[PDB]
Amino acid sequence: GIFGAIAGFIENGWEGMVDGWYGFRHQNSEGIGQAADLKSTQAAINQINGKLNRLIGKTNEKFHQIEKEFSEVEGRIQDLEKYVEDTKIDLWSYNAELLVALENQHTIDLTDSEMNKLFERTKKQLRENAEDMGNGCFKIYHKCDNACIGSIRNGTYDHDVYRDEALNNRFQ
């Protein structure tokens, strides 16, 4: 949410994209299609996986401890034992609550960041051959078939090839 991409200019999450987390939707003379960017998709997954590996499976081993349940009624010693455990449980619960909130806040932003980074990479790749419409879509000002649209996803898009046509359409 810090970058304003997941809930920002992109106001729709494509429920039909099942092959990845981020991707491309194109409209060209040859029709409409959908694709996925695996680099950005694996980008979010690897970061989130690192948070999980740091938490899941890392349990402590404690064998002999103090009494934590008392049947009879005692004085000072029983009160101290109850206070120690109660303080310990309260402290760990705060650590759990703060950690869950922080990680989820970071998870939102890093997933938001990865979407924005994909958007910025595409914009720089298109150079002056397209314009940002403001809703997460680029209006390419040249005839792009299903080949050069794949070139933009492939990173093999040379703006010089279509620059003369694009500039002519834009400023006329």
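Counting begins at 1, following the sequence as shown.
When the mean C-alpha temperature factors of 102-110 and 128-136 are read from the deposited coordinates, 128-136 comes out higher. Two stretches are in play, 140-148 and 42-50, and the higher mean C-alpha B-factor belongs to 140-148. When the CA B factors of the chain's modelled residues are split into thirds, the value for residue 93 lands in the lowest one. The entry lists a Cα temperature factor for residue 58 that places it in the highest third of the chain's modelled residues.
Placement of the Cα temperature factor of residue 25 within the chain: lowest third of the modelled residues, per the deposited record. In the deposited entry, the Cα temperature factor of residue 80 sits in the bottom third of values across the chain's modelled residues.
Remark: residue 32 belongs to the highest third of its chain, ranked by C-alpha B-factor as recorded.
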